[PDB]
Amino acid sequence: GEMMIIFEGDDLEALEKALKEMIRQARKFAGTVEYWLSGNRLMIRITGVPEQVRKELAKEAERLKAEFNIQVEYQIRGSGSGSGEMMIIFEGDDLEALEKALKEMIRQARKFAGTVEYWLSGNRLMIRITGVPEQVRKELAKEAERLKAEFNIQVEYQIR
């Protein structure tokens, strides 16, 4: 089970103060965190947490709300069984080769009933593939290595 939390406030010092406390509590309960600050909005994505601590982390969210005077919202995903996550990175000085490799890597993951999230910035293209089991994450890694030699691009992948 995972948990998505959003913090909003005009005081950056207050947001980051709340960030420090929230991620500590989540890690205190053996949870892997991921965060992203953009403007006055702070996203905190916590994974590997069951119903027990998700009740506590939510209570911590309400507590930091009143403490630092900021807005807070969250969503909870409990049911299963699954799945998994995968982050692939493409790099190269040829934009056409990257986007062409992107189209193929997308086709593969979506053929195997997986949801993809990609981001192109400069010469780097990052792909997040969620909703896939270990049986699939090994196959996509092979296809990622095929694209590596085919379009001569730098490729890195990490599984969690």
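All residue numbers are counted from 1 along the displayed sequence.
Between 137 to 145 and 13 to 21, it is 137 to 145 that carries the larger average Cα temperature factor according to the deposited entry. For the pair 117 to 125 and 26 to 34, the mean Cα B-factor is higher in 26 to 34. Within the listed group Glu51, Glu99, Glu91, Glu62, the record reports its top CA B-factor for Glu51. Ranked by Cα temperature factor within the chain, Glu8 sits in the lowest third according to the deposited record. Ranked by C-alpha B-factor against the other modelled residues of its chain, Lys111 falls in the highest third. Annotation for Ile44: CA B-factor lies in the lowest third of the chain's modelled residues.
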